[PDB]
């Protein structure tokens, strides 16, 4: 491997993706990444907080992008200020529980894992210390995604090359914040203190919150995603613990790999697709109309009550051939 090129990557926070090339500009390389585990309380919504544990300080953890055949070398750091052991499980990797069996680090320790990205597709990576700690760390926010692109870029159902202009990584996460009898949420001093109460909520399998980018409304309003008519946007969607059903209200999924593995034929013209808990999928869409769109988990209760809604603001010219208000809302009243 000493004869292989090495590339150091600088991760960017979700929903954005670090600089990369869709078509590998060279042969296999060793991709170097680094992440610092950060334990901190985060505001999921008004009067709703989570004693979170995160990869690099964000929920979801940052998106890593490499090419099939490349190697991935991740330096994982657990700062001394943290309270618990952590590790990492790459669904894109082969062996040792995705790397989990070789990356258990206590506060104050670091580890470097190398694995060969032998299979193309978007994959989930997440913490999994062992036993009950596995689901707890994940629902506390410790999960992200790594996208392994085919060396010759994405291909459609006919083998034709497809390209995107922008990648938006939508990391959906389900959380189980304990509630008082009146429905209000509980707050704790640290992750450990709220464990017992959180387990009770987890056992009901009913999330208190289901969010994109770690908080209700994170990608709405001023945080709304941007695009222009004509843009081919690849929406990579991950859900490490629970199913989701992504939909771009106002648009469609032109090409969709709901199971997220690129060598499989993608489906076309979907209104809503399905992301299995414990996986990442991808949908490509070319914007044809300007305006506001709503990217959601299409169980509308989960989208609106739980928080699984993002907004996309698209600039450009309107096309009346596709849609037109023939008769505007009108009528007498009293």
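Positions refer to the first chain, counted from 1.
Looking at mean Cα B-factors across 99 to 107 and 189 to 197, the upper value is held by 189 to 197. Higher mean CA temperature factor, per the PDB entry, when comparing 211 to 219 with 179 to 187: 179 to 187. Of the candidates 174, 81, 254, 243, the one whose C-alpha carries the top B factor in the deposited record is 81.
Per the deposited coordinates, the residue with the largest Cα temperature factor out of 281, 28, 62, 277 is 28. Annotation for residue 316: C-alpha temperature factor in the highest third relative to the rest of the modelled chain, per the entry.
Per the deposited record, the Cα B-factor of residue 158 falls in the highest third when ranked against the other modelled residues of its chain. When the modelled residues of the chain are ordered by C-alpha B-factor, residue 70 sits in the middle third. The PDB entry assigns residue 86 a C-alpha temperature factor belonging to the middle third of its chain's modelled residues. Remark: residue 132 belongs to the highest third of its chain, ranked by C-alpha B-factor as recorded.
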